[PDB]
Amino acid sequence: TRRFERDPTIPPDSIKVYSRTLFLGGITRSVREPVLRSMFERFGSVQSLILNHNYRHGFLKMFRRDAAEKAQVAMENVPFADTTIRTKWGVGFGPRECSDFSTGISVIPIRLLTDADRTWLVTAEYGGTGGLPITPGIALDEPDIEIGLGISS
């Protein structure tokens, strides 16, 4: 079910966004996408998994925030081959400075949302407002991003 919570105790003129994105550290070339995908599918459905071995990292997005929380706890520090897979909260939406890297929760002043950010929030298939306007004092899950700005599809 979509998160759309009244969260009136957060700071004025802001929204709270729960990340669905996990940062993956320790990603040596012995750590491959099909294997990580199978590991994370235990916790829920995986929406995106992109490894960049050039940087020894990857980014995972779960369809559901609750699945991301379960995955982050279970996969926080996993010995594997020549490395240790280290799963931490990432940020996939909004200003990076607004994201608490300890918890994967952003509190974002509405004034810092770009027009693309605003549009993605209200039109996202997963996360976001579920088609409602952005107003202060609401908590939401990370929306899907990086698609065209449109309301016809």
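Residues carry their position along the shown sequence, with the first being 1.
- If you average the C-alpha B-factors over 106-114 and over 51-59, the higher value belongs to 106-114.
- In this entry, 94-102 shows the higher mean Cα temperature factor of the pair 94-102 and 61-69.
- Of the candidates 11, 25, 143, 133, the PDB record gives 11 the highest C-alpha temperature factor.
- Remark: residue 122 belongs to the middle third of its chain, ranked by C-alpha B-factor as recorded.
- Ranked by C-alpha B-factor against the other modelled residues of its chain, residue 88 falls in the lowest third.
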